[PDB]
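Next come the chains, spelled out residue by residue.
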Amino acid sequence: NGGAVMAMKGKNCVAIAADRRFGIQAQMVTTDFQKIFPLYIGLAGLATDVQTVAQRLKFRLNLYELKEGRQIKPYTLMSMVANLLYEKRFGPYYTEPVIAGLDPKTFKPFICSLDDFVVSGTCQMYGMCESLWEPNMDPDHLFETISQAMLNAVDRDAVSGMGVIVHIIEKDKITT
Amino acid sequence: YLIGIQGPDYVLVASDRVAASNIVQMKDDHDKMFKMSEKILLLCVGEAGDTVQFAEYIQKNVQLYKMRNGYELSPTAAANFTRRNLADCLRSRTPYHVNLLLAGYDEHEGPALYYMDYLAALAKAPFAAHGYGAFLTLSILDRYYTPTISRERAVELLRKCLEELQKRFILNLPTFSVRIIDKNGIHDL
Amino acid sequence: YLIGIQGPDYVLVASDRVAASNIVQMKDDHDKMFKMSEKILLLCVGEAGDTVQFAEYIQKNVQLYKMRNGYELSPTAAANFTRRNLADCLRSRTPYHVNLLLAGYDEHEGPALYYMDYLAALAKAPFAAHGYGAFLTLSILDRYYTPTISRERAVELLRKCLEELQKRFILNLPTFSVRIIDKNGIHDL
Amino acid sequence: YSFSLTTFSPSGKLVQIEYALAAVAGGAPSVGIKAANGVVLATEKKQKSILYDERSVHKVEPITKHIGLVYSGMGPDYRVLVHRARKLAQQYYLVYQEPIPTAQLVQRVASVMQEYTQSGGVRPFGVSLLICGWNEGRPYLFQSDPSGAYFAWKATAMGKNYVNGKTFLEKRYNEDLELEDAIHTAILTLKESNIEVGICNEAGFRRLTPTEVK
Amino acid sequence: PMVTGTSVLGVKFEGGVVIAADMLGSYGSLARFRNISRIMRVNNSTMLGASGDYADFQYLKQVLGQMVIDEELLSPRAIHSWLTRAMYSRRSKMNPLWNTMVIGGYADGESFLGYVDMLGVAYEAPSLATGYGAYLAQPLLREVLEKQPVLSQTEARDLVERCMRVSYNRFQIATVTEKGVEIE
Amino acid sequence: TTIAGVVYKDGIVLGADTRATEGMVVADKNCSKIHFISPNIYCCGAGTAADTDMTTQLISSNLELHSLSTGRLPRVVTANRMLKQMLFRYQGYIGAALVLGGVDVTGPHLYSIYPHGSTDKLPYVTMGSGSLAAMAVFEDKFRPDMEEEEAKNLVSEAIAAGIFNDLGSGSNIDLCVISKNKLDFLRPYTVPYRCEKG
Amino acid sequence: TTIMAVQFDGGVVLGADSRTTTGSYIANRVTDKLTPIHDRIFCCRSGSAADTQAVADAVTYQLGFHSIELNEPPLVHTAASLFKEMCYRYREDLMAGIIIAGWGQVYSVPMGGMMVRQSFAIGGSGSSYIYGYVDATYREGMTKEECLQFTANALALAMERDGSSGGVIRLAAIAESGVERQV
Amino acid sequence: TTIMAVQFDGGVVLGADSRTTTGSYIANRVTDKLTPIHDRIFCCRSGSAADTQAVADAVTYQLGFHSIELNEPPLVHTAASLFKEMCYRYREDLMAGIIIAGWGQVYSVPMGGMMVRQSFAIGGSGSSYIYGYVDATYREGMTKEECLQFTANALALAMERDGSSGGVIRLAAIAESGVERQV
Amino acid sequence: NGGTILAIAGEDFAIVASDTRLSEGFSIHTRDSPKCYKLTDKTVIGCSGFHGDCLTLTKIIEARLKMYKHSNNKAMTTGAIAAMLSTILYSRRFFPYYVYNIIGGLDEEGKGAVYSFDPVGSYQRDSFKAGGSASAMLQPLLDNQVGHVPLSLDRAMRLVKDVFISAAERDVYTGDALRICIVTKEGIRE
Amino acid sequence: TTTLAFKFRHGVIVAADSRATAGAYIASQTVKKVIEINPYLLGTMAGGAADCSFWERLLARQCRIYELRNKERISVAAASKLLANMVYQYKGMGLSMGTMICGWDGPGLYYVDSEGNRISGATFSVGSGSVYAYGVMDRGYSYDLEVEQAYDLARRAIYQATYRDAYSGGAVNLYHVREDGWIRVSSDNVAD
């Protein structure tokens, strides 16, 4: 199964991207399967865990977001899923979450993954993006590097591909 | 084997009427229809009691809701409900092995069918199939199907898929319980 | 699946025309006929090359004999010959998995068909069957068959057995290569 | 037991909680002011026998990196309430990994004090306590009370003669005042009604250092 | 594999090759043969030490002596080369030797120090240490090499004399010398 | 994955390398491992990073609760004793191991703590993938009577021995001094085509 | 490993080596295996260090909590009985070869967990090599001085063959009015 | 088992016990394990009796066929080299712990098969218990008489612990002009 | 054990570069090894997979190409090696040589050659291939900036060079010193 | 690793996807599966990549030794038969492939599995994606087929196979064995 999870941070704009496919074995099921759930998160690995963690996280997160209208800090969200998945260290759910998105009101990006850029998934990516990363890109550039890394790593990869979604988070605009 | 098609103002679903333990089929009337509401319709391929021990367990909730709330659930809503159950059973002592299609027709959200993996991997399906005859059929339906279609044409599109299960496939699945779901609600064909 | 019947002045044998690796059949013209003489006729169900890598290996001997001796072997004689080979291969590196019926019609010893196990357990068979559809069919033929019959009646007796392989059995074996052996020698039906 | 000792009076008043408010009326005076450099909390404690100790059981116990408590009411009850308040704070730190927002710790602790006004076989907590905190850009000054009702304040007072202490706090002080200057109103409102003191600012929670209390 | 000695070291001195090794041939936790000398002296200079099942050392000591004794009456690089052929040929039948041997030989101003793994992997290396020093002795060898890129007569000498203290202290200190073939 | 510690005269120089690998790929070339259990005490981790991080967070909340309660900064042995128990109880399900160092009025203690729960204070300890290579250098070079600043010259080289020689361990050395005199964190400490738009 | 317990006179004289190897790689040479579980009663261990950390300390907990109530030094066989209990109830989730002494009364506990009072004992996987030296020396009529040289020389011979034991030979002397632990 | 070989003087003095147990059930207590393979060279064995019957005799065949041609008593290391060969070529279809002596030259052969000249050796699964008694007694300056009492007392201590060895202690004395085999 | 190989030839160069280090497990044993042994002024062969096999295989390749060089007295074609080496891998296939070898001989047409292999024989003329441990890291990137270039050699050298900087700090089995062996008409250019 | 083949009155068309894989990494997408043996008959490659090359090198060799000695063409029946015999010997050795012999004789299409399953049909698809390729195949296939319509059919059926099979990507590679013999009718892309 799986799926790839591109994620990249150049300038305040926070890139993240993913393949839109999942397979029952080696046969593609759908050419449209959401992995990037809106400070965004992109989970890949099993589909069951992708959906399970997305549901469980939005639940725990909404209890907080009602309890304070204060938007969540990216670091605290990282702790939220970190603790949420470590509870099964005896029965661990297989999905690799990579959050990407702004620190509130300071317009400061925070990307991270959980067991520059953080790639995760079934993939091809970590060796591809690393010397191409520019520490400064306008979104116009940021889209281009992440789209290249996405398309090149994933077209090669057998079990990913067939549709790409790219969110380049900014307060001003969020392109897709 | 199960097959599902999404149309302009309908959802089309159809099922082989068979089950077999051993070398023989022991019935050919076996209903892999699991209709649960006026427009929420599971179709469950899978071995043993688990397909129906699950199907009914969902049905009675989906129905229990309708009495208790006075209104009927969305195809999506029912879908995410059954999805939740299957995810729980995967980690459980009893992981059910049911591969099911939740057909349904919301009025204001429109017709929808969902593929659901036994593990529990819900996904909206433009068209879908299940079983092991799924490896054969999905290509025919993927080539042939377009955005437009008609319920009149849906019958031909489905009749062509029936040929694969006899003509190229080893197992004989001889009668197909075609059914539709349309604003009117479910009908047998 | 293979079927064989012994009649008053004939031997009747018939074969499903199929093979499948994977979920699909890859042919429906597949000849499980292995005719080897005017009136010595193997029919070999079994997986892979072994059925034909054996069949022909027998055929070329059975034929080699006819040139080298100027006369044709008895159905029994050919039977004990193939029986010998299969017993040798059981202890060998390569034990063939071929379940075969050696039909034949001696003139002065009369019509005979023989069941032959893959291990190599020759036995004369009044009527016989092979395959996995053998578990189903042999009861019909055991009930129905009598000492008398006729080639005209043999067709009905065989047509009734065909129903079992579709109507109760899971696999679709759709055409049956009926053939007879009679003093005249082999004919297709 | 399994049956709560809290039940309504004929007009709907929680008699035992009202009596818990009477227990708050006892206890040495407390005072707390949000100034604009940081909150201060302070309390009367007394030599009493002249054989006591003053660093043994402060009413001013830090709870979390920048929260503290000061109680009025029964002292025995405070010792355990603080323990659960620290529990909620450390538990929050391992789950969320930031020291818990002042408003949230006050809320969660309020829920603990609410549980016994509905829970069997237990009386309500007598202790009422100022819970003063500073996160982000704001000093927070809270009052939790026996029913588990809590309020944020700009200035507030507790214990004996809070009734006049709050009056001084609204006329002798308003708006903002530099932290020792808003301690001026503490030391002079407390005077209306030995002493421990603790301040917040942004310098890690702090006990106003003893040489400088003088 | 049966009873096994370990701890063989090698490293060059400019115009020589120190090779020290302790003399234990332990079998299991028990140190059954606290007397085995594992440093064969092949040729007027060159020599192999061995760290692995000792039966294999006996086999290759008598066999390498066969190749040398034959050829004599008819270089370290050549001995390592063939030794790789021997270790490899036994791997091909999956009947290996468990021996892992360093071959230190001063050949024409050059201190060849081959290493031949049991499963036939082979390379020259200036500061070789076989097992139990292939995680421990090895940084101590390198730390001198990280600083000074070559080792003198005295440098590699003292390096091994200390590194062997870093088994039991009974080790023989074989030393190829411009002449070749010493043992202490 | 080379983590280390040494007990020098005034305390403990902990040392660590910034790498974490998911098998054969480096997923993090700037990995934080000298986790702050408390301002006084610090704990390096090795083995599975998940277990090490989370177990260290548990002991952190625990130690910081006990010190928060007494108002007296906790002892090292306390930290070790709850670590001994914590890594014992799971019986190898916590397969990540810890090097705890801290100073309490009782003075320096540095226990390597194996994931089955053995706590052993010693003047030098190493752990991680690089530990063999590192400990030979710590053995050869460590001397009792070492001073405060020479430990910086004793763990940076020792960890460096694990950076070059090992393939699980690499990247910039972290070095964290523990003394009642001062605490030091040196987070990154010792260093040993454009896809054209539009 | 090597645990070498001997008894006599004022109290036991017993010893152990210094290494706590994990596999062939030594981890430590300074380990004290003779470690206290009471003032009188000091445990010795084999099996694993890890299971013995969980045990022994828990016996110290119980034993020192034995002593406060009864206000007497706890009976050696009582402590040893606690080791029989702890080892007996989990013999399968445990490995422990203790040799508990106290004041002298040399007691032992096979990993399976039966407390069997020895009068001299040896433990570990290095122990076995000692047998021919202990059996041919233990003798009734030997004074207190003898046991010191006996245990100290016994262990060393054990260590020569054993590649699990080495380190410094550490000896307890547990007696009335003193514990003289040499190394 | 116990094979206990010691060198010296005119020739080796060495011994072995008497039992050849199969499992816990003894089969025999009278077995001579010190048995001849030449007039000078008498084999001792451990591993199994069954593999050693096939070996040893075949070495006697070759060795006594060694002697007739060369018309000299065969070299002890030659015989021992034959044991290295026989054991070396099948180490996997074999078990053998020989201790070959001859005239004295104590030689050994680990089952894996490396002939390694010992100066004193012990073999078997009962042997290990001896180590602390041999190592602390073997001494340069001991006369021929000493080795008799040494080997004979060594084995007995070995046997006390070993439940594979017992029987009667049988000793060869192989030397120039005599083989004095006591029991 | 393993390690990375890379090769590209467009115009005359067949740039066969590789990391030196071999790791038995993790114990980097020599940091000075070449994977790209030269065989002929034109033939250079990278070999990654298993060093013990790589040695034996290259000696067998060298022996066989010398046998050819006697048997025909005509230099061993690079295309002959592509068809020959695959049969050599098949010869020992039921016990296989765990070796991934990249061939770089200079053509008769004065052009580059690269021939990817797998352990059982899949020769592939291609414009580039990286094999070994980091091959998954290098193939999409290296493909992107190489696959309307006239095979620019100076920029191509930098493009070969940089990707091994990137692989070395990412994959833990590529590293140390990089050795490059261009194959031009002037000869092998180590 | 899909390699459809079918015969019709104006030819036998053999299309093949070009992807090859090891793990979920894709080593190349350049291979032409339809390994040549003869101007007018051709192989296929399904199953392991090396096997098909090697066996069809032996096949090409043996067909060549035959055409020289017998001094006539080897037939599709004979070619498949020698092939089937040769792959049988290595039955149980895991040398798995799905080679097909195609070529005009009338046209001859014989699928030849590695376990020795030399079967003569007319319509085949072999490999992982075959189950996809089959379903499209039957739906347009008729013996009454133009050379162009058949070109489109081979391309549609390969295109629908590669679309779902994870291990099959790369461009369609028609060969048309008409009366005269084969030509590289199309090598055209799938990423169109």
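Residues numbered from 1 in each chain as written, not as in the entry; some residues may be left out. Chains lettered and ligands numbered in written order. Part of a larger assembly, values for the part shown. Heavy atoms only, no water. Residues with missing side-chain atoms left out of burial classes, pairs and counts.

This entry lists cryo-EM as its structure determination method and reports a resolution of 3.50 Å.

**A short note on the UniProt feature "active site" in chain G**
Residue and element names in this part refer to chain G. The following threshold applies: UniProt positions are given in the numbering used here, feature names are shortened, and annotations may be inferred rather than shown by experiment. Helix and strand assignments come from DSSP, with helices taken as H or I runs of at least 4 residues and strands as E runs of at least 2, each series counted from the N terminus. Exposure is judged per residue with a 1.4 Å probe applied to protein chains only, and the accessible area is read against the type maximum: over 50% gives exposed, under 20% gives buried, and values in between give partly exposed. The contact rule is simple, with two residues in contact once any of their heavy atoms fall within 4.5 Å.
Per the UniProt record, "active site" is found at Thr1. Its place among the elements puts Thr1 in the segment before β1 (3-6). Note on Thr1: relative accessible area 19%, which makes it buried. Apart from the residues lying within four places of it in its own chain, the contact partners of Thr1 are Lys33, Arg45, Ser46, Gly123, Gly124, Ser125, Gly126, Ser127, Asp162, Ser164 and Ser165.

**Focus: the packing of helix α3 (residues 134-144) of chain B against helix α4 (residues 147-162) of chain J**
Definition in use: Axis definition: a line fitted to C-alpha atoms, limited for helices to the stretch in contact. Angles are taken between N-to-C directions and run from 0 to 180 degrees. Put simply, angles under 35 degrees are roughly parallel, angles over 145 are roughly antiparallel, angles from 65 to 115 are roughly perpendicular, and the rest are oblique. For any pair of crossing helices, the crossing counts as left-handed if the nearer helix is rotated counterclockwise from the farther one by less than a right angle, and right-handed if it is rotated clockwise.
Their axes nearest at 10 Å, the elements α3 of chain B and α4 of chain J cross at an angle of 115 degrees. Viewed along their axes, α3 of chain B and α4 of chain J adopt a mutual orientation that is roughly perpendicular. Every pair of crossing elements has a handedness; the one defined by α3 of chain B and α4 of chain J is right-handed. For the pair formed by α3 of chain B and α4 of chain J, the contact residues are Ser139, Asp142 and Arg143 of chain B on the first element and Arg156, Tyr159 and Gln160 of chain J on the second.

**Things to note about the environment of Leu109 of chain J**
Residue and element names in this part refer to chain J. Assignment of secondary structure puts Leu109 in strand β8 (residues 107-113). Expressed as a C-alpha distance, the spacing of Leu109 and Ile119, which sit ten residues apart in the sequence, is 8.9 Å. Sequence-distant contacts of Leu109, defined by excluding residues within four places in its chain, comprise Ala5, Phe6, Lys7, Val12, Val76, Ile101, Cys102, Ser120, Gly121, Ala122, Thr123 and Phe124.

**Overview of unusual backbone geometry**
Here the phi dihedral of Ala120 of chain B falls at roughly 110 degrees; this positive angle occurs in a residue that is not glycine. Inspection of the secondary structure assignment puts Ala120 of chain B in the loop between β6 (111-116) and β7 (123-124). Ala120 of chain B gets classed as buried once you look at its relative accessible area, which sits at 4%. Positive phi outside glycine occurs at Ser7 of chain E, with the angle close to 85 degrees.

**Things to note about the interface of chain B and chain C**
To keep things clear, this is the line we draw: Buried area is understood as the total, over both parts, of accessible area removed when two parts are fitted together, assessed with a 1.4 Å probe. Salt-bridge detection follows one rule: a side-chain nitrogen of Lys or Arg within 4 Å of a carboxyl oxygen of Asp or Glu. As a working rule, the residues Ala, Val, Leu, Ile, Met, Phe, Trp, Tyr, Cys and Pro are called nonpolar, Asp, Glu, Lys and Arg charged, and the rest polar, with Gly in that last group.
The interface of chain B with chain C comprises 16 residues on the first partner and 16 residues on the second. Summed over both sides, the interface between chain B and chain C buries roughly 1,400 Å², with carbon and sulfur atoms accounting for 55% of that surface. Of all residues in chain B, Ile23, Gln25 and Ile170 of chain B bury the most surface against chain C, accounting for 44% of the area lost on that side. Along the contact surface separating chain B from chain C lie zero salt bridges. Mapped by element, the contributors of at least two residues to the side of chain B that touches chain C are α3 and α5 (164-167) of chain B. Looking at side-chain class alone, the side of chain B that touches chain C contains nine nonpolar, four polar and three charged residues.

**Some remarks on the sheet that holds strand β6 (residues 40-45) of chain A**
Residue and element names in this part refer to chain A. Basically, it comes down to this: For two strands to pair, DSSP has to find at least two bridges joining them.
Read from one edge of the open sheet, four strands run β5-β6-β7-β10, paired in antiparallel fashion. The sheet is open, and its two borders are formed by β5 (36-37) and β10 (112-113), each paired with just one other strand. Direction of pairing for β5 relative to β6: antiparallel, over a ladder of two bridges. What sits directly across from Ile36, in β6, is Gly42. Strands β5, β6 and β7 (95-100) of the sheet are contacted by helix α1 (residues 47-67), whose axis makes an angle of about 150 degrees with β6. Across the sheet, helix α2 (residues 74-86) touches β6, β7 and β10, and the angle it forms with β7 is around 170 degrees.

**Some remarks on the pairing of β8 of chain J**
Residue and element names in this part refer to chain J. Burial of β8 is extensive: seven of the seven residues sit out of reach of the surface. Side-chain alternation along β8 places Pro107, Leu109, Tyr111 and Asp113 on one buried face and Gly108, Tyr110 and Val112 on a second face that is also buried. With seven bridges connecting them, strand β7 (residues 98-104) and β8 associate as antiparallel partners. Residue pairing for β8: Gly103 is matched across the bridge by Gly108. The hairpin turn running from β8 into strand β9 (residues 118-119), its antiparallel successor, is four residues long, and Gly116 in that turn takes a positive phi close to 110 degrees.

**With respect to the packing of aromatic side chains**
Condition: For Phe, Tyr and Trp, rings pair up if their centres lie within 6.5 Å, where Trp contributes its six-membered ring, and each pair is then called stacked (planes under 30 degrees apart), edge-to-face (over 60) or tilted (otherwise). Should the NZ of a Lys or the CZ of an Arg lie within 6 Å of a ring centre and within 35 degrees of the ring normal, that charge is described as sitting over the ring.
Tallied over the entire structure, the rule returns 44 aromatic pairs over all chains. Pairing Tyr59 of chain E with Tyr88 of chain H gives two aromatic rings, centres 5.2 Å apart and planes at 65 degrees, and the pair type is edge-to-face. Here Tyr59 of chain E, found in helix α1 (residues 54-73), pairs with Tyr88 of chain H, found in helix α3 (residues 76-89), and the two come from separate chains. The structure contains a cluster of three or more aromatic residues connected by ring pairs, namely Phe8, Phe120, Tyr133, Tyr138 and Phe150 of chain G. Here the guanidinium or amino end of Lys171 of chain D rests over the ring plane of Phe168 of chain D, the centre of that ring lying 4.4 Å away.

**Quick look at the environment of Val99 of chain I**
Residue and element names in this part refer to chain I. Mapped onto the secondary structure, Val99 falls in the loop between α2 (78-90) and β7 (100-103). The class for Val99 is buried, based on a relative accessible area of 0%. Residues contacting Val99, with those up to four places away along its chain left out, are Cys47, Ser48, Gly49, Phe50, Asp53, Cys54, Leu57, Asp118 and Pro119.

**Looking at the state of the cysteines**
Counted only if it meets this: Working definition: a disulfide is two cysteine sulfur atoms within 2.5 Å of each other.
Counted according to the given criterion, the structure contains one disulfide over all chains. In this model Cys47 of chain I forms its disulfide with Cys54 of chain I; the gap between the sulfur atoms is 2.0 Å. Residues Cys47 of chain I and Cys54 of chain I share a disulfide whose torsion about the S-S bond is about -85 degrees; that sign makes it left-handed. The residues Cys47 of chain I and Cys54 of chain I share a single accessibility class, namely buried. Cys195 of chain F supplies the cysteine sulfur nearest to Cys129 of chain A, a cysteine that is in no disulfide, at a spacing of 9.2 Å.

**Some words on the sheet that holds strand β7 (residues 101-107) of chain E**
Residue and element names in this part refer to chain E. With antiparallel pairing, the five strands of this open sheet are ordered in space as β5-β6-β7-β8-β9. The outermost strands of the open sheet, each flanked by one partner alone, are β5 (39-41) and β9 (122-124). Adjacent strand axes in the sheet meet at a mean angle of 20 degrees when their direction is disregarded. The pairing of strand β8 (residues 110-116) with β9 spans three bridges and is classified as antiparallel. Within β9, the residue paired with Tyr115 across the bridge is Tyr123. Across the face of the sheet, α1 comes into contact with β5, β6 (47-50) and β7 while running at roughly 10 degrees to β5. Against the sheet, helix α2 (residues 76-92) makes contact with β6, β7, β8 and β9, and its axis sits at roughly 5 degrees relative to β8, the strand it touches most.

**As for the arrangement of the chains**
Out of 17 pairs of chains that touch, the pair holding the most contacts is chains B and C. Here chain D and chain H are not in contact; the least distance found between their C-alpha atoms is 55 Å. Here chain E and chain J are not in contact; the least distance found between their C-alpha atoms is 19 Å.

**Let's talk about the nonpolar core**
Note the following rule: Side-chain atoms within 4.5 Å link the members of a nonpolar core, which is a set of buried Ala, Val, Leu, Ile, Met, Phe, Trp, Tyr and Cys residues.
In this structure, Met6 of chain A together with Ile15 and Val163 of chain I are the most contacted members of the largest nonpolar core, which totals 60 residues. With seven residues, helix α4 (residues 153-170) of chain I is the single largest residue contributor to this core. Discounting chain neighbours no more than four positions away, the residues touching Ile15 of chain I are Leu6, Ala7, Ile8, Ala156, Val160, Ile180, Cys181 and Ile182 of chain I. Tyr10, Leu12, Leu138 and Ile140 of chain B belong to the second largest nonpolar core, which has 49 residues in total.

**Some details on the relation of the copies chain B and chain C**
Counted only if it meets this: We superpose the copies by least squares, fitting on C-alpha atoms.
The two copies are related by a screw motion: chain B maps onto chain C through a turn of 180 degrees and a shift of 0.0 Å along the axis, at an RMSD of 0.0 Å. Viewed as a symmetry operation, the transformation between the two copies matches a two-fold axis. Comparing interface residues between copies, 100% of those in chain B also sit at the interface in chain C, which points to an isologous, same-surface contact.

**Comments concerning the pattern of salt bridges**
Tallied over the entire structure, the rule returns 60 salt bridges over all chains. Across the salt bridge formed by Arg91 of chain H and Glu92 of chain H, the nearest N and O atoms sit 3.3 Å from each other. Note on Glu92 of chain H: relative accessible area 55%, which makes it exposed. Put simply, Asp144 of chain J and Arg9 of chain J hold a salt bridge, and the shortest N to O gap is 3.6 Å. The exposure class assigned to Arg9 of chain J is partly exposed, which follows from its relative accessible area of 42%.

**Let's talk about the packing of helix α1 (residues 50-69) of chain B against helix α2 (residues 75-90) of chain B**
Residue and element names in this part refer to chain B. Direction vectors running N to C along α1 and α2 enclose 135 degrees, while the axes themselves pass 11 Å from each other. It follows from the interaxial angle that α1 and α2 lie oblique. The crossing of α1 and α2 is right-handed. On the side of α1, the interface is formed by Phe54, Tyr57, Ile58, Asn61 and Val62, while α2 contributes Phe81, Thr82, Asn85 and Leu86. The residue makeup of the contact of α1 with α2, split by class, is six nonpolar, three polar and no charged.

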